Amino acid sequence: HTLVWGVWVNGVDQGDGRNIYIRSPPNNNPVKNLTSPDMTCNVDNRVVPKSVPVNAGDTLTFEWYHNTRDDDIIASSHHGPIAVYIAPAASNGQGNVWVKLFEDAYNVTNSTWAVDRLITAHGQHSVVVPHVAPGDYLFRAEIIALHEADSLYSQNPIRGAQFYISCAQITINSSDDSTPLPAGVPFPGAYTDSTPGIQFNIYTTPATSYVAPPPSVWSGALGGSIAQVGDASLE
């Protein structure tokens, strides 16, 4: 159970974005139904009044929280991967539009999942803004908590992989469009019951065996890391 507070750009906090430049849901409940429109941008997908200005090559940091800013972030039980996707705003996230900019699942050296590291990072993870066409975009940050992913929601609706999905409205101003955005996958649609990484038993299967759900990360990506870029508590 986690939500996005806002973003940072190049290490500078852009301010509370909830319902402003984040298409925030009303609470931190997961989405579980892989076929639902809620997979696109969560349960209150509508245009919000602001878009954060960035340029190609900027670092865009999402900052998550649980109940209050810079708290425990997400329950430690919620081991799983993190991804970030991009789509043009004109799509409203519909159709085959989402292109993967970042994936992190399990770090063997550290023996930690992405979520574990997100907690350590005070909720912060980043991507580098790609050289796509200037214009309005949606950046879709997605945390998959696997603690009940031994079951499939479609079979047992009280269990399943839990998706914490947040869409930020981002305007890319300066970019040479030298890596134009390639085809994307749909959400809902890309993840199905048989997709690798959706059904997994984190209690019996070694974490080193985990394969996150495709698509692969786009070659045009620059991204990205799970790491604290700024100290929220100084504000």
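One rule holds for the numbers: they count along the sequence shown, beginning at 1. What we label the rigid core is the largest C-alpha set whose atoms superpose within 1.5 Å from one form to the other.
Looking at 216-224 and 6-14, the one farther from the shown form in 4 other deposited structures of this protein by average CA distance, after a rigid core fit, turns out to be 216-224. Judged by mean Cα B factor in the deposited record, 199-207 ranks above the other of 162-170 and 199-207. The question of which stretch, 122-130 or 83-91, has the higher mean Cα B factor is settled in favour of 83-91. Highest C-alpha temperature factor among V43, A56, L60, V185, as the PDB entry reports it: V185. In the deposited coordinates, the residue among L3, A232, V229, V7 with the greatest CA B-factor is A232. When all modelled residues of the chain are sorted by CA temperature factor, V99 is found within the middle third.
Remark: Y137 belongs to the middle third of its chain, ranked by C-alpha B-factor as recorded.
Ranked by C-alpha B-factor against the other modelled residues of its chain, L34 falls in the middle third. The entry lists a Cα temperature factor for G15 that places it in the middle third of the chain's modelled residues.
For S111, the recorded CA B-factor ranks within the highest third of the chain. Only modelled residues enter the ranking.
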